[PDB]
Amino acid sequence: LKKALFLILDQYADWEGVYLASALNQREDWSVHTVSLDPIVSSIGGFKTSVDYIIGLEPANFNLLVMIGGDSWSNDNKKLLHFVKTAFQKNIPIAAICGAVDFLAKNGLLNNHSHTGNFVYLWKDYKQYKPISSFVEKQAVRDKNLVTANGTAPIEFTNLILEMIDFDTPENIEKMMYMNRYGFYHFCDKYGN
């Protein structure tokens, strides 16, 4: 059994991690749990999520850290930083999207990986954003155990993550993503199934 922790903060983007969460949690070998600084966080959409783990109470080791976006990432919280930074040290697969990446950039966590994000100009004055690898202008990017993406790439984000964690064969993940993006009828066209 493998564990995926979804780090969500208040006012988190509803649409960003839904494809990854369902794909993973439905597996017998994968478990999805949420972690936050608060026991209850609201999505931008108005949903209230009852968080599984409060930072400092989550399992020491898990297999995937998914940092979803939202409007609360300008956080100086030392507990939060330790939590994420520790995940990097343990070298566990990490995927960040939208606001989450702004957090990574500001705390010098993007300095050794190729990446992308919402808008690089927002980081121009981040004293800790000194990348060796330049910012890539694409929906999502993967470099070793780090996948980044802008808030408009839930599907691209999910695709690269499933690849990174060897979720399934490429000619299987491709189908799942096609179904997600184009729908049953277009899928039925290109696959019949």
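So that there is no doubt, residue numbering starts at 1 and follows the sequence shown.
**Student:** Given the B-factors recorded for C-alpha atoms, which segment has the greater mean, 43 to 51 or 129 to 137?
**Tutor:** Comparing 129 to 137 with 43 to 51, the higher average CA B-factor belongs to 129 to 137.
**Student:** Can you let me know which of the two, 26 to 34 or 150 to 158, has the higher average C-alpha B-factor in the entry?
**Tutor:** Mean CA B-factor is higher for 26 to 34.
**Student:** Per the entry, which of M179, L20, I173, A13 tops the list for Cα B factor?
**Tutor:** If I rank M179, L20, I173, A13 by C-alpha B-factor, first place goes to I173.
**Student:** Among the chain's modelled residues, which third holds the C-alpha B-factor of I8?
**Tutor:** Its C-alpha B-factor, which the entry lists for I8, ranks in the lowest third among residues of this chain.
**Student:** What third of its chain, lowest, middle or highest, does the C-alpha temperature factor of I92 fall into?
**Tutor:** Its C-alpha B-factor belongs to the highest third of this chain's values.
**Student:** Just say lowest, middle or highest third for the CA B-factor of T116 relative to the other modelled residues in its chain.
**Tutor:** For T116, the deposited C-alpha B-factor lands in the lowest third.
**Student:** Where does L109 sit by CA temperature factor within its chain: lowest, middle or highest third?
**Tutor:** Middle third.
**Student:** Lowest, middle or highest third of the chain for the C-alpha temperature factor of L81?
**Tutor:** Highest third - that is where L81 ends up once the chain's C-alpha B-factors are sorted.
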